[PDB]
């Protein structure tokens, strides 16, 4: 993988690539899209461990594609976060093929978005 490790991890300094607001927004959009198109979960759910710039930028993208987000209450996808100077995000469950599919969407030229009430929700 290019930015994801084989373990489904992404590392960076908050605010700098690959953790810019735009990058994270696209990662969220891509993750939700992967679940909708490849796993047939029309309204995917993402569980984040806490609320900060990194997890919320991701959440915004995930919600824009139709997925809902919650803090610490399970879901189809779970995010683990190790903080510090360099953050390490860990997404589960992701096979190496899932990651390849995810990055194909992320780096592809072709991502569909929902609008209005079709956009996902967020629960603290």
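Numbering follows the first chain given and starts at 1.
Mean C-alpha B-factor is higher over 37 to 45 than over the other stretch, the pair under comparison being 59 to 67 and 37 to 45. Per the PDB record, of the two stretches 50 to 58 and 84 to 92, 84 to 92 carries the greater mean B-factor over its C-alpha atoms. Residue 73: CA B factor in the highest third of modelled residues in this chain (values from the PDB entry).
The deposited CA B-factor of residue 20 belongs to the lowest third of values across its chain. The deposited CA B-factor of residue 13 belongs to the lowest third of values across its chain.
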